[PDB]
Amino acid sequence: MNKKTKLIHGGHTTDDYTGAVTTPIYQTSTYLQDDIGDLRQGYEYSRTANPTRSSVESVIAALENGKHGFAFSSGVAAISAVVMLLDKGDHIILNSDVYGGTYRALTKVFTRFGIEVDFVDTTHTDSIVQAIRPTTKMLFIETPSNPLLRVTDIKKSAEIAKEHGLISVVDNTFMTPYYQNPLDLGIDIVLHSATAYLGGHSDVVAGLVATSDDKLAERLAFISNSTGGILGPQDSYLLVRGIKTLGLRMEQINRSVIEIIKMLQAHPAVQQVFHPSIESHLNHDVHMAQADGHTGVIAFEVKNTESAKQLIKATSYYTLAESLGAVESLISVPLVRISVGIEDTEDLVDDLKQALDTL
């Protein structure tokens, strides 16, 4: 199956009972047992397993070429359960440019649980080897990062984590399974902030986790059931529904990203454009070796904070909001960050250009 056919028929998204071509929304909490312990189709309690949630988990497991899938109530919940794979005294290595909520949870919550953290500039693989302490048990890397889009070598990070006995995790939210598959590069666990691209319509807060390891999946299934950060059935369906058009959406976003960047590099009011597609970008060639596409998040710099406030008000199609990966374009100041939507490419380039022209 090619990529666009996998997004439609990958996993189990139909009902074998009635033949429904979409997954039924099992808004239920419990299931009848014919005999004591005799499950009709393997469901006993919705927290342990829910057929609508099991559908979206089989979709992300296929899109990432994994064996097991896990749906959580948010991208932060999916990252929490992954960190709970370690005990008191264990050490984690993350990239210095992690997303803010990851920095918060690990430095404010899990440090209170004995988990020691150390943020490392992973753009140079040599800095990962040296920081590995005897208690180091995990390697967590996002690529490209937020909001400067720093690229980390996934393959080398996997070989590093393997040699030193580390659980390799990759936050693949920005790249999506359509352009990047960390599991195929040796990574143990891959997770996504499903609120971003997989949902794609700014209407689901969710997280997904995929892995080919039976152990880590067994330990993750126990953590999910024992911590209950599960995704609801309604949100699970809308996630499946939005994933169906993931390929078409990313290709339209990729087409606009190319044209928008060309505009940003030539404007006199824009210094420092940040995106892995730019040639002068650090680790640019590494990104192309591990990905066959590009993310829709772009970051550029204006003169000062007042110019960024003026640029946003002059736009007509960019929505001032705090997410990314939507069908509608989003803009925010973490330096300005934009999440390219699926509007007309000529309209998005012209709207941002005429807004920058007013500076």
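We number the residues from 1 along the sequence you see.
Novice: Look at the stretch from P334 to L335 and count the residues of the deposited sequence that the entry does not model, then pick none, 1 to 3, 4 to 9, or 10 or more.
Specialist: Missing in between: 10 or more residues.
Novice: Comparing 108 to 116 with 171 to 179, which has the greater mean CA B-factor as deposited?
Specialist: Per the PDB record, 108 to 116.
Novice: Is the mean CA B factor in the deposited entry higher across 123 to 131 or across 246 to 254?
Specialist: Mean CA B-factor is higher for 123 to 131.
Novice: Maximum C-alpha temperature factor per the entry, among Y103, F72, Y197, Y237, belongs to which one?
Specialist: The record points to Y103.
Novice: Which one of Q272, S224, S80, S202 shows the biggest C-alpha B-factor in the PDB entry?
Specialist: Comparing C-alpha B-factors across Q272, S224, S80, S202, the top value belongs to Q272.
Novice: Divide the modelled residues of the chain into thirds by Cα B-factor and specify which third, lowest, middle or highest, holds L191.
Specialist: As the PDB entry reports it, the C-alpha B-factor of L191 lands in the lowest third of its chain.
Novice: Grab the CA temperature factor for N304 from the record and place it in the lowest, middle or highest third of its chain.
Specialist: Within its chain, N304 is a highest-third residue by C-alpha B-factor, going by the deposited values.
Novice: Sorting by Cα B-factor within the chain, modelled residues only, which third would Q33 end up in: lowest, middle or highest?
Specialist: It belongs to the highest third of the chain when residues are ordered by C-alpha B-factor.
Novice: Pull the Cα B-factor of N65 out of the PDB entry and bin it into the chain's lowest, middle or highest third.
Specialist: Within its chain, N65 is a middle-third residue by C-alpha B-factor, going by the deposited values.
Novice: Can you tell me which third, lowest, middle or highest, the CA B-factor of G89 falls into for its chain?
Specialist: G89: CA B-factor falls in the highest third of its chain.
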